[PDB]
Amino acid sequence: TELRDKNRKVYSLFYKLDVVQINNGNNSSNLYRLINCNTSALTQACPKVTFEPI
Amino acid sequence: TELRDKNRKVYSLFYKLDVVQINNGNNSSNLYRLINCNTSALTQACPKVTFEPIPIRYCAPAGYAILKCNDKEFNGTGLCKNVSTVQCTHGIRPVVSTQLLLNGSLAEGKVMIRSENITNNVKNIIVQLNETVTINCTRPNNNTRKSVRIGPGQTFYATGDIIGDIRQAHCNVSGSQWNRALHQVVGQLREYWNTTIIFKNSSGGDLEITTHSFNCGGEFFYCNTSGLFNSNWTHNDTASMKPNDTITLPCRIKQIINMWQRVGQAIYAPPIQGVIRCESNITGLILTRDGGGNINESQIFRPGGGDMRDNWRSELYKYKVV
Amino acid sequence: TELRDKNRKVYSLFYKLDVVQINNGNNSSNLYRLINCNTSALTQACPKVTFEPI
Amino acid sequence: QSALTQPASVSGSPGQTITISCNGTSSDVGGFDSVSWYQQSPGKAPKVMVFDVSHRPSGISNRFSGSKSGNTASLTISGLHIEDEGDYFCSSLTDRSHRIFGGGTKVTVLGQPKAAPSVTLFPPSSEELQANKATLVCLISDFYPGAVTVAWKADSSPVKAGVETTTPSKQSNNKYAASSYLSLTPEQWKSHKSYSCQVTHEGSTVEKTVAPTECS
Amino acid sequence: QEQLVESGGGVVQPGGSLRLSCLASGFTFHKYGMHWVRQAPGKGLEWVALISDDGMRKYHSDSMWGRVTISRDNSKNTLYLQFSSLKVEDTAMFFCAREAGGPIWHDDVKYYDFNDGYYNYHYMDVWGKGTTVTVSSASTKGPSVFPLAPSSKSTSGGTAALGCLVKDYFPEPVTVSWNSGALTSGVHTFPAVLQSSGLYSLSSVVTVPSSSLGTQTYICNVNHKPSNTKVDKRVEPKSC
Ligand SMILES: *[C@@H]1O[C@H](CO)[C@@H](O[C@@H]2O[C@H](CO)[C@@H](O[C@@H]3O[C@H](CO[C@H]4O[C@H](CO[C@H]5O[C@H](CO)[C@@H](O)[C@H](O)[C@@H]5O)[C@@H](O)[C@H](O[C@H]5O[C@H](CO)[C@@H](O)[C@H](O)[C@@H]5O)[C@@H]4O)[C@@H](O)[C@H](O[C@H]4O[C@H](CO)[C@@H](O)[C@H](O)[C@@H]4O)[C@@H]3O)[C@H](O)[C@H]2NC(C)=O)[C@H](O)[C@H]1NC(C)=O
Ligand SMILES: *[C@@H]1O[C@H](CO)[C@@H](O[C@@H]2O[C@H](CO)[C@@H](O[C@@H]3O[C@H](CO[C@H]4O[C@H](CO)[C@@H](O)[C@H](O)[C@@H]4O[C@@H]4O[C@H](CO)[C@@H](O[C@@H]5O[C@H](CO)[C@H](O)[C@H](O)[C@H]5O)[C@H](O)[C@H]4NC(C)=O)[C@@H](O)[C@H](O)[C@@H]3O)[C@H](O)[C@H]2NC(C)=O)[C@H](O)[C@H]1NC(C)=O
Ligand SMILES: *[C@@H]1O[C@H](CO)[C@@H](O[C@@H]2O[C@H](CO)[C@@H](O[C@@H]3O[C@H](CO[C@H]4O[C@H](CO)[C@@H](O)[C@H](O)[C@@H]4O)[C@@H](O)[C@H](O[C@H]4O[C@H](CO)[C@@H](O)[C@H](O)[C@@H]4O)[C@@H]3O)[C@H](O)[C@H]2NC(C)=O)[C@H](O)[C@H]1NC(C)=O
Ligand SMILES: *[C@@H]1O[C@H](CO[C@@H]2O[C@@H](C)[C@@H](O)[C@@H](O)[C@@H]2O)[C@@H](O[C@@H]2O[C@H](CO)[C@@H](O[C@@H]3O[C@H](CO)[C@@H](O)[C@H](O)[C@@H]3O)[C@H](O)[C@H]2NC(C)=O)[C@H](O)[C@H]1NC(C)=O
Ligand SMILES: *[C@@H]1O[C@H](CO)[C@@H](O[C@@H]2O[C@H](CO)[C@@H](O[C@@H]3O[C@H](CO)[C@@H](O)[C@H](O)[C@@H]3O)[C@H](O)[C@H]2NC(C)=O)[C@H](O)[C@H]1NC(C)=O
Ligand SMILES: *[C@@H]1O[C@H](CO)[C@@H](O[C@@H]2O[C@H](CO)[C@@H](O[C@@H]3O[C@H](CO)[C@@H](O)[C@H](O)[C@@H]3O)[C@H](O)[C@H]2NC(C)=O)[C@H](O)[C@H]1NC(C)=O
Ligand SMILES: *[C@@H]1O[C@H](CO)[C@@H](O[C@@H]2O[C@H](CO)[C@@H](O[C@@H]3O[C@H](CO)[C@@H](O)[C@H](O)[C@@H]3O)[C@H](O)[C@H]2NC(C)=O)[C@H](O)[C@H]1NC(C)=O
Ligand SMILES: *[C@@H]1O[C@H](CO)[C@@H](O[C@@H]2O[C@H](CO)[C@@H](O[C@@H]3O[C@H](CO)[C@@H](O)[C@H](O)[C@@H]3O)[C@H](O)[C@H]2NC(C)=O)[C@H](O)[C@H]1NC(C)=O
Ligand SMILES: *[C@@H]1O[C@H](CO)[C@@H](O[C@@H]2O[C@H](CO)[C@@H](O[C@@H]3O[C@H](CO)[C@@H](O)[C@H](O)[C@@H]3O)[C@H](O)[C@H]2NC(C)=O)[C@H](O)[C@H]1NC(C)=O
Ligand SMILES: *[C@@H]1O[C@H](CO)[C@@H](O[C@@H]2O[C@H](CO)[C@@H](O[C@@H]3O[C@H](CO)[C@@H](O)[C@H](O)[C@@H]3O)[C@H](O)[C@H]2NC(C)=O)[C@H](O)[C@H]1NC(C)=O
Ligand SMILES: *[C@@H]1O[C@H](CO[C@@H]2O[C@@H](C)[C@@H](O)[C@@H](O)[C@@H]2O)[C@@H](O[C@@H]2O[C@H](CO)[C@@H](O)[C@H](O)[C@H]2NC(C)=O)[C@H](O)[C@H]1NC(C)=O
Ligand SMILES: *[C@@H]1O[C@H](CO)[C@@H](O)[C@H](O)[C@H]1NC(C)=O
Ligand SMILES: *[C@@H]1O[C@H](CO)[C@@H](O)[C@H](O)[C@H]1NC(C)=O
Ligand SMILES: *[C@@H]1O[C@H](CO)[C@@H](O)[C@H](O)[C@H]1NC(C)=O
Ligand SMILES: *[C@@H]1O[C@H](CO)[C@@H](O)[C@H](O)[C@H]1NC(C)=O
Ligand SMILES: *[C@@H]1O[C@H](CO)[C@@H](O)[C@H](O)[C@H]1NC(C)=O
Ligand SMILES: *[C@@H]1O[C@H](CO)[C@@H](O)[C@H](O)[C@H]1NC(C)=O
Ligand SMILES: *[C@@H]1O[C@H](CO)[C@@H](O)[C@H](O)[C@H]1NC(C)=O
């Protein structure tokens, strides 16, 4: 949450290509990891900026 | 703590304005959150950096000059002949304030008045007096500082337990010279009339416009502009000069602000330990005419401090880059 | 770990001068703080950049 | 469905340590460690004394602690305070996410000595005989703790029909009282030469006898 | 503070229904999965029902399953329980208890639900006022008072005990006094035991000296308020 200690679980929709099932366990079992997080950091793409040609 | 695993709960002093209640347990020891944290970010104010205004002089490059009109009657825009070419402007003290100007060069000879469009009441009426008056907003009781280390070299300057009786910070104004300056102004305010005017207070809105906000050692002093409109120089100015008013009035204090409506990484003003006393001259005003007023019967004026740029061009009407 | 919440107890080796005991460690294997952490921060030395003179 | 079983009541001296222990099953106690202990004082709604058995809820001092062993839970209290009196109930969450409460244990601070019950037996009054009814009232009174068992019998045979034993009700003098009722007919009352009420407190025991006797 | 108040409970008969309403204040009731509990006469606590924060799922004891249906109202900040096919065993005080605070705690970090919901599945931290419900099959009837003759409660010292047995009355309670409330020492009224005929019975007993009989007169004033019946029955040493 906006405060330090306050947290909360929330749901959304995501694709399969964004993450991969963590193979450390038996199977996925609702357990995934980002493909790019373990390699480097990640930040948003500033949605007010688009990616159209000029 | 500077260690990752170790934390610590510690107490200090904070204001009510700096936070808002949440978890609306309508009244049982309700919790509070910072007003700027929930909407934006926050950082330290770098207490070693000061906040007082120094006279700034803006110099022009080669191939350019600064033409000044030394005529005292010369209004904002118009033609002028008494020319003075200069390379750097007079030292302007950028007093960050609303509805008032402090420590500025006086418009000697006569009170100067300006406005974008006199017919449009919404436009700001700039004023520049010809005599100063001491306005003293003050927190006499001392402050306290406590450096609580949050990280490996990161520390916050919290307000510790204050020593002695914690008297509320308030403010003072001398009514004699203020009423004299008002006499001069209402003598100047006659655009087409000889005696009719009304002075009311602000209509309400943003907190900075609702009061006279300014800076004092980093502490954002929101001193109240309520003793201003309590006067009627309608018919007899001497009738309004006879009630002297040594105005002792309230003045609130704030720690955080969004500068220039920049709702971002705000700054917490740090402890200022020692007595705080902002005594200042007066040089001018930024008033506004009410929309709900007749054409010729009486124009109601009231303080307005929305556009901060109006506070800075008060002395730049003399100069112009050429 | 590379994951956010995941933590792993891994072991390494530190110099004797780079740390100092804490918590009133009269005689025991008490914890150890860094000599410069509580004074200021610390970051990696970018090992690809060598510090030799030219 | 079966409540977590614990003793009906216990007691202890001021400051004396004690430990209630309630039984359960593996589906609720051994399957998931979310076992709690509530307390209800006479004249008060229930209030939680333990949850998260190795931790305690709000308003609970360090005197109260909890432990678990397989299908059983235990509530330890060292330094018995005056506020510790009341009925404690252990409860556990089942595998079906349902809750189940315990049988109950009335904790009380000792300081009241134990007294024997001044038992008596009222015959069936003439106002009842004329109304084609009869009733024997075995009155138990002035006994502590509130654990007595009443039984009825004829002059030589037992009596089970019509028996209605009342629970021990706390008297105004901090002791207990009760009234067991045996409903009979006038002919049945006059047939048996004498009825008797046998009442058993803690280990010592008492009995009262009544017989029909017609007079002026 | 965070307060809960039950209402709607009252005397009823089996086979009907009942609407127990639990109002709440002092917190955001929109996501607090409440708990309906009952306490019967001479019995411990017994869980009745539980509802989730969003009302999606719900749990009822297998004994009370089917007879009761639980629901929430976030607009009213209220909880509701609708009964059906009431049983005489349902005689109890029903309470409406909260869940384990707003968030769930772990390692000093607090987790709220989806859309910042106040969810848990844990102990019940807060309990409500409580409302009584008395399911009974017998019909309303006036009482029958009879005098229990002076019986020696203690052999030594000469301590007798007079009584007045009230029986065959319904519904509870029955007030009794001795000499219009003047005599109070030794007075004791027992709880209304459910007779085999569906009616109720108790005994107002008074312990006095055995020598006080004859000189000290005793008249027990019984008053069954549900039936609005009143009597003043005398007690004396049995002549027979
Ligand atoms: C700075 O951060 C800390 C970090 O949490 C934070 O601490 C919490 O502060 C709040 C507000 O004051 C406390 O709320 C009160 O807590 C009182 C007692 O709480 C006990 O129970 C807590 C809940 O237990 C669960 O959660 C923990 C994880 O949090 C979990 O491990 C447990 O197993 C269990 O599931 C518990 O957190 C807390 O822990 C302390 O004590 C234990 C020993 O018991 C110790 O081992 C811990 O290290 C820690 O010191 C504690 O045990 C409670 O009485 C109080 O209740 C009020 O409200 C009710 C009505 O609801 C009234 O009837 C009553 O009279 C009280 O007025 C309230 O709930 C919370 O407990 C703190 N938790 C911790 C872990 O410290 C600080 O608040 C933060 N600082 C600020 C300024 O906010
Ligand atoms: C992605 O796919 C996943 C894989 O399917 C989805 O998860 C779940 O997978 C399960 C795989 O086995 C699916 O199981 C099936 O469920 C079928 C439906 O069973 C219910 O309905 C039938 C009637 O059609 C009923 O006979 C069943 O018993 C069951 O409902 C019963 O309902 C009553 C009344 O509500 C319950 O009674 C409760 O009693 C207690 C007291 O004891 C309280 O009083 C309660 O308040 C009260 O409700 C009763 O308990 C309940 N029965 C049981 C056993 O709990 C079934 O016919 C099939 O044979 C098969 O078993 C499962 O349906 C599926 N989930 C869903 C939601 O479909 C996953 O959901 C999906 N992802 C998403 C996002 O949906
Ligand atoms: C990120 O978001 C996910 C999704 O919301 C969270 O997932 C769950 O989070 C909860 C809360 O942290 C976890 O709860 C804990 O579960 C563990 C398992 O407990 C028992 O239950 C299972 C199922 O019956 C048994 O098989 C198992 O053997 C255990 O017996 C325990 O660590 C905890 O239980 C103990 O603590 C509770 C206090 O809440 C006590 O009341 C209990 O008696 C017990 O002593 C706890 O219940 C849950 O496991 C998570 N599930 C999954 C699939 O991840 C993540 O927690 C969340 N992470 C963060 C960092 O926010
Ligand atoms: C994946 O999605 C399912 C289904 O969620 C439902 O469908 C989605 C497409 C969205 O429209 C969601 O907004 C919607 O809820 C999640 O399961 C759960 O399904 C139940 C259905 O019975 C949802 O119940 C609702 O609860 C709200 C609030 O209590 C009520 O007002 C509604 O009337 C309804 O009963 C439940 O919300 C939903 N859970 C969540 C978290 O949305 C499933 O959880 C999800 N997957 C994951 C990993 O979260
Ligand atoms: C603005 O100027 C005024 C006047 O100079 C200051 O007023 C001061 O107000 C305080 C509290 O209201 C007074 O304290 C009390 O004074 C009385 C009378 O002397 C005394 O009996 C009490 O025990 C208490 O000390 C104080 O006297 C008063 N000043 C004077 C000179 O009388 C005010 O503080 C100034 N500052 C502002 C408004 O910020
Ligand atoms: C606002 O503050 C200014 C100063 O920053 C105040 O002006 C000063 O007021 C003091 C008295 O409070 C003056 O000192 C006195 O002067 C007289 C002579 O006039 C002398 O006899 C006394 O012994 C004492 O020294 C001081 O001269 C004066 N200075 C200036 C520049 O005006 C002002 O009064 C304050 N106004 C309000 C409304 O608080
Ligand atoms: C700045 O100062 C002005 C006055 O100097 C403050 O405005 C005044 O505030 C008071 C308190 O709210 C108003 O009093 C009112 O009195 C009526 C009497 O019936 C009562 O019903 C109201 O509830 C209220 O208490 C007063 O009218 C008002 N205006 C004046 C005096 O012109 C203002 O609040 C101050 N602002 C700050 C930020 O300090
Ligand atoms: C500023 O104050 C002066 C006073 O020093 C005002 O002058 C006076 O104004 C009053 C009316 O307000 C005049 O009274 C007149 O009385 C006659 C009856 O004798 C009546 O018929 C008139 O209609 C009027 O009411 C008074 O003569 C006049 N005196 C002087 C010496 O001028 C002045 O009017 C005030 N300023 C403004 C703009 O009104
Ligand atoms: C504004 O402040 C000035 C101070 O510079 C006040 O002037 C003085 O005002 C008082 C009355 O408020 C006058 O009092 C009178 O004094 C004479 C003796 O000179 C006495 O006989 C009277 O009975 C009365 O007490 C005082 O003379 C006067 N002094 C001066 C130099 O003007 C002025 O009155 C204040 N304004 C208001 C509206 O009160
Ligand atoms: C307008 O001009 C006046 C006068 O130049 C400014 O007054 C200044 O006010 C501040 C506090 O508000 C004073 O700071 C303190 O000064 C004492 C002097 O001993 C020092 O010991 C403290 O450590 C602290 O620095 C300052 O001295 C004072 N006078 C100056 C700067 O000449 C006023 O601040 C100006 N207006 C604005 C909005 O800045
Ligand atoms: C992570 O640390 C915890 C806590 O141990 C302390 O902190 C360490 C950083 C180190 O300084 C230790 O010497 C300290 O004693 C380890 O301990 C367990 O943590 C888990 C999770 O909180 C908890 O459930 C267990 O009860 C803890 N057990 C003990 C004996 O403390 C933990 O093991 C460390 N992580 C790993 C992956 O080992
Ligand atoms: C997969 O599951 C099997 C059986 O549960 C287990 O023996 C094995 O260790 C699991 N694989 C892992 C943990 O990689
Ligand atoms: C304000 O508090 C009262 C109790 O003090 C409560 O009943 C009321 O609901 C609260 N207001 C709101 C808007 O919840
Ligand atoms: C014109 O400027 C000169 C500068 O030399 C100054 O002395 C003079 O007073 C000015 N006159 C007017 C009317 O501004
Ligand atoms: C100040 O200006 C007013 C009007 O603006 C004028 O009447 C007065 O004489 C001026 N005073 C000076 C220049 O000292
Ligand atoms: C001022 O505004 C009025 C209308 O509000 C307009 O008629 C007039 O021309 C304007 N004057 C100037 C100088 O802009
Ligand atoms: C309290 O005020 C006095 C002035 O009287 C000052 O000397 C002292 O430093 C102040 N205390 C602080 C800053 O802690
Ligand atoms: C000025 O006069 C008007 C009358 O038009 C009055 O409403 C107002 O209150 C007066 N001003 C003050 C400060 O009293």
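Above this text sits the structure in question.
Residues numbered from 1 in each chain as written, not as in the entry; some residues may be left out. Chains lettered and ligands numbered in written order. Part of a larger assembly, values for the part shown. Heavy atoms only, no water.

Draft legend 1. Representation of the overall build of chain A within the structure. The helix and strand inventory of chain A stands at zero helices and three strands. Going from N to C terminus, chain A has its helices and strands arranged as β-β-β. Over its C-alpha atoms chain A spans a radius of gyration of 16 Å, topping by over 25% the 10 Å that the globule rule assigns to 54 residues. Counting only C-alpha atoms and orienting by the principal axes, one finds that chain A spans roughly 50 × 30 × 25 Å. By residue count, 7% of the 54 residues in chain A fall in the buried class. (Helix = DSSP H or I, 4+ residues; strand = E, 2+ residues; numbered from the N terminus. Rg over C-alpha atoms; globule rule 2.2 N^0.38 Å. Buried < 20%, exposed > 50% of the residue type's maximum accessible area, 1.4 Å probe, protein only.)

Draft legend 2. The packing of aromatic side chains, seen in detail. The final tally for this structure, using the stated rule, is 20 aromatic pairs over all chains. With 6.0 Å between their ring centres and 55° between their planes, B:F214 and B:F221 make a pair best called tilted. Each member of the pair, B:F214 as well as B:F221, carries the same accessibility label: buried. Both rings, one in E:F170 and one in E:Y200, keep their centres 6.0 Å apart while their planes meet at 0°; by these two values the pair is stacked. Of this pair, E:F170 sits in the loop between β14 (159-169) and β15 (175-178) while E:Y200 is found in strand β18 (residues 200-209), placing the two residues 30 residues apart along the sequence. Comparing E:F170 with E:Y200 shows no difference in burial state: the two are buried. An aromatic cluster of at least three residues, connected via ring pairs, comprises E:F27, E:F29, E:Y32, E:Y112 and E:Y118. Looking at B:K146, its charged tip hangs above the ring of B:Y11, at a distance of 5.5 Å from the centre. (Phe/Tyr/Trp six-rings, centres within 6.5 Å; stacked < 30°, edge-to-face > 60°. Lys NZ or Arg CZ within 6 Å of the ring centre and 35° of its normal.)

Draft legend 3. Spatial organisation of the site of ligand 6. All names here are of chain B. The immediate surroundings of ligand 6 are formed by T134, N136, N172, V173, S174, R277 and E279. Between ligand 6 and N136, the relevant distance is 2.3 Å, taken from an oxygen atom to a side-chain nitrogen or oxygen of the residue. At a separation of 3.4 Å, an oxygen atom of ligand 6 approaches a polar side-chain atom of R277. For ligand 6, the protein covers 27% of the area, taking 770 Å² as the surface of the free molecule. Elements represented by at least two residues in the shell around ligand 6 include exactly β11 (170-173) and β17 (276-280). When its residues are assigned to classes, the shell around ligand 6 shows one nonpolar, four polar and two charged. (Near = heavy atom within 4 Å. Polar contact = N/O pair within 3.5 Å; in protein donor to acceptor, adjacent residues only side chain to side chain. Areas by Shrake-Rupley, 256 points an atom, 1.4 Å probe, with all protein chains shown as cover. Nonpolar A, V, L, I, M, F, W, Y, C, P; charged D, E, K, R; others polar.)

Draft legend 4. Here's a closer look at the site of ligand 3. Surveying the vicinity of ligand 3 reveals the residues A:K9, C:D5, D:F32, D:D33, D:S34, E:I104, E:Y111 and E:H122. With respect to ligand 3, its neighbouring residues span chains A, C, D and E. At 2.9 Å, a side-chain N or O of D:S34 approaches an oxygen atom of ligand 3. In this structure, E:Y111 approaches ligand 3 through a side-chain N or O atom, which is 3.3 Å from an oxygen atom. Burial of ligand 3 by the protein amounts to 39% of the accessible area it has alone, namely 1,100 Å². Classifying every residue of the shell around ligand 3 by side-chain character gives three nonpolar, two polar and three charged.

Draft legend 5. Spotlight on a nonpolar patch on the surface. A surface patch of nonpolar side chains, amounting to about 330 Å² of accessible area, comprises A:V10, A:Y11 and E:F114. Relative accessible area serves as the criterion here: at 58%, A:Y11 is assigned to the exposed category. (Patch = residues over 30% accessible without salt bridge, like charges linked within 9 Å, V, L, I, M, F, W, Y side chains within 5 Å. Salt bridge = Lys/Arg side-chain N within 4 Å of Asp/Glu carboxyl O.)

Draft legend 6. Here's a closer look at the pairing of strand β11 (residues 109-112) of chain E. Bridge count between strand β1 (residues 6-8) of chain A and β11(E): three bridges; the pairing is parallel. Bridge pairing in β11(E) places A:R8 opposite E:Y112. The hairpin turn running from strand β10 (residues 104-106) of chain E into β11(E), its antiparallel successor, is two residues long, and E:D107 in that turn takes a positive phi close to 55°. (Pairing = 2+ DSSP bridges.)

Draft legend 7. Local environment of the nonpolar core. Residue and element names in this part refer to chain B. Within the largest apolar cluster, 35 residues are counted, with the highest numbers of intra-cluster contacts made by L129, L189, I197, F199, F214, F221 and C223. Among the secondary structure elements, those contributing two or more residues to this core are β8 (135-139), β11, α1 (175-188), β13 (212-216), β14 (219-223), β15 (247-254), β17 and β18 (284-289). With five residues, the top contributor of residues to this core is α1. Setting aside its immediate chain neighbours within four residues, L189 contacts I197, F199 and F301. (Core = buried A, V, L, I, M, F, W, Y, C linked by side-chain atoms within 4.5 Å. Contact = heavy atoms within 4.5 Å.)

Draft legend 8. Region of interest: the interface of chain D and chain E. Between chain D and chain E, the residue contacts involve 47 residues of the former and 43 residues of the latter. The junction of chain D with chain E conceals about 3,800 Å² of combined surface from both sides, 64% of it contributed by carbon and sulfur atoms. Ranking the residues of chain D by area buried against chain E places D:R99, D:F101 and D:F122 at the top, with a combined share of 16%. The interface formed by chain D and chain E includes three salt bridges. Across the salt bridge formed by D:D142 and E:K153, the nearest N and O atoms sit 3.7 Å from each other. Between chain D and chain E we count ten residue pairs in polar contact in total. Mapped by element, the contributors of at least two residues to the side of chain D that touches chain E are β3 (35-40), β10 (120-122), α2 (126-130), β11 (134-143), β15 (169-170) and β16 (176-184) of chain D. Here the side of chain D that touches chain E takes five residues from β11(D), the largest share from any one element. (Buried area = accessible area lost by both parts, 1.4 Å probe.)

Draft legend 9. Examining the sheet that holds β17(B) more closely. Residue and element names in this part refer to chain B. Spatially, β13-β14-β15-β11-β8-β17 is the arrangement adopted by the six strands of the open sheet, whose pairing is antiparallel. Each edge of the sheet is formed by a strand with only one pairing partner; in this case those strands are β13 and β17. Taken over all neighbouring pairs, the strand axes of this sheet differ in orientation by 25° on average, direction set aside. Relative to β15, β11 runs antiparallel, the two being bridged by four bridges. In the strand pairing of β15, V173 is matched with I247. (Axes fitted to C-alpha atoms, helices over the stretch in contact; angles between N-to-C directions.)

Draft legend 10. The pairing of strand β17 (residues 195-200) of chain D, seen in detail. Residues and elements named next belong to chain D. With five bridges joining them, strand β12 (residues 149-153) and β17 adopt antiparallel strand pairing. Its bridge partner lying in β17, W152 is registered against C197. Hairpin connection, β17 to strand β18 (residues 205-210): the antiparallel pair is bridged by four residues.

Draft legend 11. Geometry of the arrangement of the chains. The highest contact count of any of the six pairs of chains in contact belongs to chains D and E. You won't find any contact between chain C and chain D; their C-alpha atoms come no closer than 23 Å. Chain E makes no contact with chain C, the minimum C-alpha separation between the two being 12 Å.

Draft legend 12. Region of interest: the sheet that holds strand β13 (residues 158-159) of chain D. In spatial order, the strands read β13-β12-β17-β18 (chain D); together these four strands make up an open sheet with antiparallel pairing. What marks the edges here is a single partner per strand, and that holds for β13 and β18 of chain D.

Draft legend 13. Representation of the environment of A:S12 within the structure. All names here are of chain A. Note on placement: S12 falls in the loop between β1 and β2 (19-21). The class for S12 is exposed, based on a relative accessible area of 52%. In this structure the C-alpha to C-alpha distance between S12 and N36, which are 24 residues apart in sequence, comes to 19 Å.

Draft legend 14. Highlighting a negative patch on the surface. Together, A:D5, C:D5, E:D107 and E:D108 give the surface a local cluster of negative charge. Among the secondary structure elements, E:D107 is positioned in the loop between β10 and β11. (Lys, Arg positive; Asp, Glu negative; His and termini not counted. Charge placed at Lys NZ, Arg CZ, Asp CG, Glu CD.)

Draft legend 15. Seen up close, unusual backbone geometry. Here the residue pair E:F170 and E:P171 is connected by a cis peptide bond, since its omega of -10° sits within 30 degrees of zero. Assignment of secondary structure puts E:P171 in the loop between β14 and β15. Backbone geometry at A:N30 places phi at a positive 60°, although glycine is not the residue there. Relative to the assigned elements, A:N30 resides in the loop between β2 and β3 (32-34).

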